Every structure is written in structure tokens, then in C-alpha cells.
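# Structural overview for review
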Amino acid sequence: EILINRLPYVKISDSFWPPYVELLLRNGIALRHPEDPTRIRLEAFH
Amino acid sequence: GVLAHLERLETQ
Amino acid sequence: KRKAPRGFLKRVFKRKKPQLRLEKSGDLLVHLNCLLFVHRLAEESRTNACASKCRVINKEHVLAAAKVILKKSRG
Amino acid sequence: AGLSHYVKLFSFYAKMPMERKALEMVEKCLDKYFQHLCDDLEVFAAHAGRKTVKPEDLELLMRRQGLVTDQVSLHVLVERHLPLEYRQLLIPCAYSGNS
Amino acid sequence: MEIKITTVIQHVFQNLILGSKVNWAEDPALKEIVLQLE
Amino acid sequence: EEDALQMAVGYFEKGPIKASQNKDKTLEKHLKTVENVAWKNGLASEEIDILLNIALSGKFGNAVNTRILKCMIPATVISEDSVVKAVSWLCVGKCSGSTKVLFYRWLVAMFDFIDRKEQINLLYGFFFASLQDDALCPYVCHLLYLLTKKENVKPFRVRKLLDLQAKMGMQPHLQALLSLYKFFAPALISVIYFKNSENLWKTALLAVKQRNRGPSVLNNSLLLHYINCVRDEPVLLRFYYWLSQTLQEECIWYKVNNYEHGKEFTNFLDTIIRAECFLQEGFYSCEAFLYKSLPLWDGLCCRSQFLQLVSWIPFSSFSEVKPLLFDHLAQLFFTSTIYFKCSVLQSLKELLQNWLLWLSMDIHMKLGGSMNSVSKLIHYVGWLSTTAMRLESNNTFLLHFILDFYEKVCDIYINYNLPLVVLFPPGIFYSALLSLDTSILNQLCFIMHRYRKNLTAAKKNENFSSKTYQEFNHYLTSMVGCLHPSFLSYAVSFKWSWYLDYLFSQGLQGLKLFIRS
């Protein structure tokens, strides 16, 4: 959330505990980078 | 109206 | 199309090879494999169509697609 | 059936009209795809020494097909193509009860 | 620049008390925090 | 007993079906016969939709066997939706996807009966994030098509719908939802339609309807009132330019069909005509199209519409509108048949009222040179209507419409507060005085009686007096001595007062108003 607030598309650089990073991905909280899918963005709810 | 009617006594 | 047949892939995996123990959702992995294989088929067949500049995919493009992708998708 | 499902999905995957005569040959392509796969899962599961075919038994196979990489792992590949109620079975979510 | 955070944390409550083991509305705290007023 | 029976079903859920001494389908089927009469009270619908669907017994047949008929008798309440969103929790129990399909079909089918739809709309994202799974998309799409408000169209939802459209098919449900999101804030652009599938439920849902029964601006009438009230510059010009380019393009459309395009143009000119009759001022493209298309005009090409457009022509001067338009409503008036002739003095009859209205409040909102305009219009019609009297050898039909015009010239002072008593030109006055029917004779008599009334009213408040009173006393002494051929027809069909009574009684009301005066 800090990273999206100022923009980022990385925002975790593949943060750990993979059950968690994919948690906020299925519910639509965060989005995978469409090209390099090791970096995450928070879906831009702005 | 009597204009739409007057267009159908021109025919009829 | 938004589906993936649970029954069909399991029936195929049992008909073709009678001795396996494909896991609870392993057939879902098989569906993903075939989905991506047919993705590769569609895209490289589009490339084949642009190779001869044919605006409709035909037999002569699919047979060329097979010997590349099907061989590539072999493990 | 399922081959008819994939040829219809081919229509929405090729984004372009084809011929039915193309579809029964892509049917033989899927039949040979399984004729390579189900004995590729056979030999890969035998390589792991396990009778059953665990999900990592197929992750290695898809590494062989060049679709799993260090950039594109197994689970990310599930995001892009499988529907939600299906990837709920495959990639572990979290409820303190990860699937 | 703050409501734009309040429309971000809000929509990760509509997506965290949804995807988890939520037991969302059978609880009197979240019921006023979920159904978050726009 | 249903509340007792449903709590027994809950007990049937706190324990297994096997451990029960009686079948569930027996007691739940007694409840089902009750549903065939009355299925679930608001509290009953709430609870039986809550516990039967969260995790408990609720078999994907049994929970569905109820869910087919688990709707509401009075209305569905918020607490129904609340913890069934905790059935939408969609987890270890999840009320698995088939019952989810019937559940979202439940909401789609009964979206109309909720006391506070805003509460569910406030729950928009909880169902929007349920769009990603494949099995509920054809039904969740319908639900959000029913739930969508502007506060729920955040750009991330727009991008999620676009991602769903790209990943999945072009499915018409996604297209319908996209149509709504385009109807709201257009962060997306795209160009089936509430075709429901709850028709099978609409056996029960039609019973529910019966149960509730027993137990750019022309085609917008609600918005036409706005433009009626704003005589503003950038809106009467935003609208003028549309009317000019619709009455030009779609009238050039005549030059390629002239037969089938002659029915939408007629039906569009009818909408223009109605909009002007409501808004009550002539659209400034209605005249501007008329001056442009009157010289080119024929007699009968949209005559009924063109000669109602002439009625709504912004009073100009009758010195700047006469050469431009009235010199052509005489170029066709004197060359066309009676059936176009009567359609002009009627057209100009309505034009006279639509000019006199706008002159009455020109007295209300505080003349002479405006006076000269209606007076000259009436004289030019009075010139038009003496030579049209001559073209058709004193045809009674045409002079009937002439008097219908003059039926609105007698009452200028009484009706419109305008001092414009303009008498007959004699070429009509005596031509109807010595006419041959009474439905035109009593017509003239009514007009001149209203002329007596209007002149007497003008004498109270105050050229008119000298020559107008001279001409009306001319039309009086000549006629009052003359008051005869159609009266002779009556007399043949027929003691002077009894003759009168035979008259009078038989419809001669203009004669009544004169004779009493």
C-alpha cells in the first residue's frame, strides 16, 4: 500500500510466504505484473 | 389533426 | 469458452493409460497443460497463417504447426 | 466432447476462423499430445519414484515444455488461464488453512 | 491524497473480509466496518 | 408451525439426516406444500436462507430443493442478504457452486423485492469479486447489472471487467455489464439485454408478483420541461443546430426515397410539432427550415406537418416574414386544391393564435408596431381569403375554414386583451351572409356576435372607432335587414316566434347569440 501510494508494480519484489502473496491476488487486492511475474502491484484502486 | 385529416381527403 | 471438463480429462487419462494415480486435482494440471499447448498451437498457427498470408487457418498450416509444437510440448 | 471443448476454445484462442477439417486433425494432435503426456507423466512420476502424479510431478514436465521458468513459476501460470474456482484447488490460498 | 488512501484501504476490506475465512456479517464489529460507506 | 418446522429443520441440521427419526424431505416437503401457498416470511426467509445454506445439512439437492422456492412472501430484508453474503463467503462449506448458481439466480430473480436495495449496492464489491469464478459469471453479471450505481464504478472495477473480457469470452453478460459501466463514468467505451433465465422460477416468481398484488431532447418529455423553462443561449443554440441538421439531412433523405423515408420524417416532424405545442414557442430552426424549404415545397409533401410548423413561427414583423414565407403560402395557396387551401387558413388560423398568445403576455410583460403585424397578417389572410373565395366559386368547405380563422378574429379583445378588432372584408362577410348553408351562416353569425361583444368591450377601455364601427354597422344594417336561402331550406323542412323556436332549438346558436344581442 505504501508503494502504490506513490507509484510501482514491484511493491513486494515477490514477498514471501507464497500462500499470502497469492491471497491478495485471487481476491483482486493486488495484481501481478503482466510481463515480469515476480513483482506485484496493488490493483490501483485509486 | 384537421391537417393530417385534410391529407387523407386529398387522397380519399 | 469458460470451462474445464473434470470428467473428460480423467476419462482420457484412464482410457489411454490404465495404470496411474493422478492426484485429486492433477487432471486440472493436465487441463492447464492442454490449455497452454493449444495456446501455443493457436499462436504459432497464426504465425503459420501469416507465413503463407492465408486469412483462414487450413489443414496445411495445422500440419506444419503440429510437428513444431507437439514435438516441443513433449517432455 | 473435451476435444470438442478444446477445438471450440481454439476458436477463442486463435481469435480467427478456421476449418472443421482442421479440427479433426487438431483432435489427432490432442490425442498424440496425450500419447506423449500421459506417458510423460508416467515416466516423470516414475522418475520421482512415486506411483501417483503429484503436482510437482507435472511442474517439472511443464519446465520441460519451457512454460515454467524462474520468471514464470507453476502457480503464476495458473493465474493467467484457469478460472478462479479451479485455481482455488491448485494454488494454495490462505485462510490459516492454505489449500 | 487521503481519501485516495481511504478508497484503497476500504476496497481491501471489501477484498480481505471476502477472500479469507471471513464469517463477515455474523459478527457485530465488521458488520459496521464491512458494508463500508463510500 | 412453519417457524417451528424450520427450527426442526435446523435441528435436522444440528444432527445428521441418518440420526433423524423422520425424513427431512417429509417435513421439508410439508414446508414445500406451504411454499406452494406461502414460502417464507421475512424472518422465516432470512433464517431458513441463513442456516440451511452456510454449512449445515443443506444438501446440494435439498438446499436447492428449498432454494428454488426459498423466496419471500412480503419482501426480502437486509438481514437476509447480510449473512448470506456470509454464504457468499464461499469457503470450506461454500454452499458449493451449483447452489451458488441457484443463489445468485435467487438474487437476480428477486432483486425487485428488497426494502433497502442501497444496502446491497453498498455490498457491490462482495459480488463483483465473485465475478472472477466461471460458474457464477452468467448470473453474477446479471446481478451486478441490476445492482450497479455510480459509486460502484471505480476504475479498478472497470479494469477488472476488461481483464475478465480479455481472459474470458465476449459473453453477452459481460457486454451488458460493460454497457452499464459505459452508461456511467466512461472510463471504458464499447458498443443480451436483461433477457432473464428466472422464467422457470417465474412460475413461482409470477405467483410472487400475484402474491404481492393480493397480499437531442425531443424524445424526452420529462426533460422537455427544462428547455421549456430555460431561454438560455448555449442550449437553444445547441438545439437549433441539431434541428437544422436533422431537417436538412433527413429531408435530403427524401431525394433518394421520398416514399419510405416519408414516414419517419413525418413521424419526426410530428415530434417536433408536439415539442413546439408543449414548449409553445416556434423552434428557431422550425422557421429557418421553413423559409429554406417553402419555395421548394409542393402541396402535399408532409402538408399536415409543414402547415403545422408555420403555426409556430416566432412573430417576426409580418414585413420580414411576409416576403420570406407568406409570399410562398400564397404561391401554393392559389395553385393547389381546396384540400390544401383549407389546410392553410387553418395553418394560419393556428398561426394567429400562436402569435396572439405571445402578444398577450407582451401586454403582461409590458406595442403599435407589434400591433401592425397581427393586423397585417389578418388582412393578408383577409386578402388571401377573398381570392381563395374566387378561385373555388364560393365553395362552402373553404369558407367554413375561412370563418374558422375568423372565429378567432372576432375574439381578439375578449380573449387576448389585444385591441385588434378587425372586421370581415366584405368578400367573405356577404359571401357567407348570402351563402347557402346554415352551418356556415350560424358560423358567421357567431363571429359577428363576438365582434359586437368585442367592439362593445373595446368601447369600455378604448382607426377602430370611426371606420371599423362604420363597417360593422354596414355589416349590420345590410345583414340585420337580411335577417333567406338556407333558412329557406329550414322553412321548407318546417307564428314567427314558433319559427324561431324551430330555429334556435335546431342548433342555430350563433343566431341565438346575435338575436339575444
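Residues numbered from 1 in each chain as written, not as in the entry; some residues may be left out. Chains lettered and ligands numbered in written order. Part of a larger assembly, values for the part shown. Heavy atoms only, no water. Residues with missing side-chain atoms left out of burial classes, pairs and counts.

Judging from the entry metadata, cryo-EM is the method by which this structure was determined, and 3.71 Å is the reported resolution.

### Structural notes on the overall build of chain A
Counting secondary structure elements, chain A contains two helices and two strands. Walking chain A from its N terminus toward its C terminus, one meets helices and strands in the order α-α-β-β. (Helix = DSSP H or I, 4+ residues; strand = E, 2+ residues; numbered from the N terminus.)

### Digging into the overall build of chain E
Of regular secondary structure, chain E possesses three helices and zero strands. Principal axes of the C-alpha set define a box for chain E whose edges measure 35 × 20 × 10 Å.

### Here we look at the interface of chain C and chain D
Taken together, the 47 residues of chain C in the interface contact 48 residues of chain D. Listed by contribution, the elements that provide at least two residues to the side of chain C that touches chain D are α1 (6–16), β1 (21–22), α2 (26–52) and α3 (59–72) of chain C. Broken down by element, the side of chain C that touches chain D gets its largest block of residues, 17 residues, from α2 of chain C. Looking at the side of chain C that touches chain D residue by residue, the classes come out as 24 nonpolar, nine polar and 14 charged. Sheet topology places β1 of chain C next to strand β1 (residues 52–53) of chain D; two bridges connect them, and they run parallel. Within β1 of chain D, the position partnered with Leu-22 of chain C by the bridge is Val-53 of chain D. (Contact = heavy atoms within 4.5 Å. Nonpolar A, V, L, I, M, F, W, Y, C, P; charged D, E, K, R; others polar. Pairing = 2+ DSSP bridges.)

### Some points on the packing of aromatic side chains
Aromatic ring pairs are defined here through the distance separating the ring centres and the angle between the ring planes. Applying the stated criterion across every chain yields a total of 39 aromatic pairs over all chains. Look at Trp-297 of chain F and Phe-340 of chain F: their rings are 5.7 Å apart centre to centre, the planes differ by 55°, and that puts the pair in the tilted class. Placement of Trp-297 of chain F in the loop between α16 (284–293) and α17 (303–309) and of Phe-340 of chain F in helix α19 (residues 338–364) is noted, with a sequence separation of 43 residues between them. The residues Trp-297 of chain F and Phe-340 of chain F share a single accessibility class, namely buried. Linked through ring pairs, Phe-315, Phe-318, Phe-326, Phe-333, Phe-334, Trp-355, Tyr-380 and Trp-383 of chain F together constitute an aromatic cluster. It is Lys-8 of chain D that lies over the ring of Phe-12 of chain D; its NZ or CZ is 3.9 Å from the centre. Stacked on the ring of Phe-126 of chain F, the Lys or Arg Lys-85 of chain F has its end atom at 4.8 Å from the ring centre. (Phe/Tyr/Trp six-rings, centres within 6.5 Å; stacked < 30°, edge-to-face > 60°. Buried < 20%, exposed > 50% of the residue type's maximum accessible area, 1.4 Å probe, protein only. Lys NZ or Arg CZ within 6 Å of the ring centre and 35° of its normal.)

### Remarks on the interface of chain A and chain F
Each partner contributes residues to the interface: chain A has eight residues there, and chain F has six residues. When the residues that make up the side of chain A that touches chain F are grouped by side-chain class, the tally is three nonpolar, three polar and two charged.

### Observations regarding the nonpolar core
All names here are of chain F. Counting residues in each nonpolar core, the largest one holds 98 residues, and the members touching the most others are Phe-265, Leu-325, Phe-326, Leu-348, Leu-403 and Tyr-451. Here this core takes eleven residues from α19, the largest share from any one element. Excluding anything up to four places from it in sequence, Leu-348 contacts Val-310, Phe-326, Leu-329, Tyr-380, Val-381, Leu-384 and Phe-405. (Core = buried A, V, L, I, M, F, W, Y, C linked by side-chain atoms within 4.5 Å.)

### So, the environment of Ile-414 of chain F
Residue and element names in this part refer to chain F. With respect to the element layout, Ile-414 can be found in helix α22 (residues 413–416). Separated by 33 residues in the primary sequence, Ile-414 and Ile-447 place their C-alpha atoms 13 Å from one another. Those residues in contact with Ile-414, other than ones at most four positions away along the chain, are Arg-450 and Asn-454.

### Thoughts on empty space enclosed by the protein
Residue and element names in this part refer to chain F. Approximately 160 Å³ is the volume found for the largest cavity. Along its surface, the largest cavity is lined by 15 residues, and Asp-81, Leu-107, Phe-111, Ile-114 and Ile-120 are the ones closest to its centre. For the lining of the largest cavity, the secondary-structure elements that each account for two or more residues are α5 (78–84), α6 (97–109), α7 (117–121) and α9 (137–147). Along the lines of polarity and charge, the residues of the lining of the largest cavity split into eleven nonpolar, one polar and three charged. (1 Å grid on protein atoms, 1.4 Å probe; cavity = no way out; pocket = protein on both sides within 12 Å on 5 of 7 lines; lining within 4 Å. Points joined across faces, edges and corners; volume = space filled by probe spheres on them.)

### Topic: the pattern of salt bridges
If you walk through the whole model with that rule in mind, you get twelve salt bridges over all chains. A salt bridge links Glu-407 of chain F to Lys-408 of chain F, with the shortest nitrogen-to-oxygen separation between them at 2.6 Å. Each of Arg-50, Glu-56 and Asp-57 of chain D takes part in salt bridges that share partners, so that together they form one network. (Salt bridge = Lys/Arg side-chain N within 4 Å of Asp/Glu carboxyl O.)

### Some thoughts on helix α15 (residues 261–279) of chain F
Spanning 19 residues, α15 of chain F covers 27 Å between terminal C-alpha atoms, matching the ideal 27 Å at 1.5 Å per step. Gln-280 of chain F sits one or two positions beyond α15 of chain F and adopts a positive phi of about 80°. (Expected span 1.5 Å × (residues − 1).)

### Section: a nonpolar patch on the surface
Together, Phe-16, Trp-17 and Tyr-20 of chain A make up an exposed nonpolar region whose accessible area comes to about 430 Å². Mapped onto the secondary structure, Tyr-20 of chain A falls in helix α2 (residues 18–26). (Patch = residues over 30% accessible without salt bridge, like charges linked within 9 Å, V, L, I, M, F, W, Y side chains within 5 Å. Areas by Shrake-Rupley, 256 points an atom, 1.4 Å probe, with all protein chains shown as cover.)

### Focus on unusual backbone geometry
Look at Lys-15 of chain D: it is not a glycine, yet its phi comes out positive at around 55°. Tracing the chain through its elements places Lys-15 of chain D in the loop between α1 (2–14) and α2 (20–47).

### Notes on the packing of helix α24 (residues 438–461) of chain F against helix α25 (residues 464–482) of chain F
Residues and elements named next belong to chain F. In contact at an axis separation of 12 Å, α24 and α25 are set at 145° when each is read in the N-to-C sense. As α24 packs across α25, the resulting crossing turns out to be left-handed. Contacts between α24 and α25 involve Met-448, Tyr-451, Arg-452, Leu-455 and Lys-459 on the former and, on the latter, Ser-465, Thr-468, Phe-472, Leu-476 and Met-479. Residue classes in the contact of α24 with α25 are distributed as six nonpolar, two polar and two charged. (Axes fitted to C-alpha atoms, helices over the stretch in contact; angles between N-to-C directions. Left-handed = near helix turned anticlockwise from the far one by under 90°.)

### With respect to α16 of chain F
Burial runs high along α16 of chain F: seven of the ten residues are buried. Contact partners of the buried residues in α16 of chain F: α14 (233–252), α15, α17 and α18 (322–326) of chain F.

### A word on the state of the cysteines
Joining two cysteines, a disulfide is a covalent bond between their sulfur atoms. Residues and elements named next belong to chain F. Tallied over the full model, the rule gives zero disulfides over all chains. In this structure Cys-410 is a free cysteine whose sulfur lies 11 Å from that of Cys-445, the closest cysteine sulfur available. Judged by its relative accessible area of 0%, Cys-410 is buried. (Disulfide = S-S within 2.5 Å.)

### Considering the environment of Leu-58 of chain D
Residues and elements named next belong to chain D. Summarising the element assignment, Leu-58 is placed in helix α3 (residues 55–64). A residue is classified by how much of its surface remains accessible, and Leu-58, at 2% relative accessible area, is buried. For the pair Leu-58 and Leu-41, spaced 17 residues apart in sequence, the C-alpha to C-alpha distance is 6.8 Å.

### Remarks on the side chain of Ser-45 of chain F
Residues and elements named next belong to chain F. One can find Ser-45 in helix α3 (residues 42–50). Of the polar contacts made by the side chain of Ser-45, one reaches the side chain of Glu-80; its length is 2.3 Å. The residues touching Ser-45, leaving out its near neighbours within four places in the chain, are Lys-40, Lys-70, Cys-71, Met-72 and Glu-80. (Polar contact = N/O pair within 3.5 Å; in protein donor to acceptor, adjacent residues only side chain to side chain.)

### Here's the deal with the packing of helix α20 (residues 371–391) of chain F against helix α21 (residues 396–406) of chain F
Residues and elements named next belong to chain F. Closest axis-to-axis distance for the α20/α21 pair is 10 Å, and the angle between their directions is 165°. Between α20 and α21, the angle is such that the two are roughly antiparallel. As α20 packs across α21, the resulting crossing turns out to be left-handed. Contact residues: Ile-378, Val-381, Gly-382, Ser-385, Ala-388 and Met-389 in α20; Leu-398, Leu-399, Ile-402, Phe-405 and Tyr-406 in α21. The residue inventory of the contact of α20 with α21, partitioned by class, reads nine nonpolar, two polar and no charged. (Parallel < 35°, antiparallel > 145°, perpendicular 65-115°, else oblique.)

### A word on the arrangement of the chains
No other pair of the nine pairs of chains in contact has as many contacts as chains C and D. Contact between chain B and chain C is absent, and the minimum C-alpha spacing across the pair is 55 Å.

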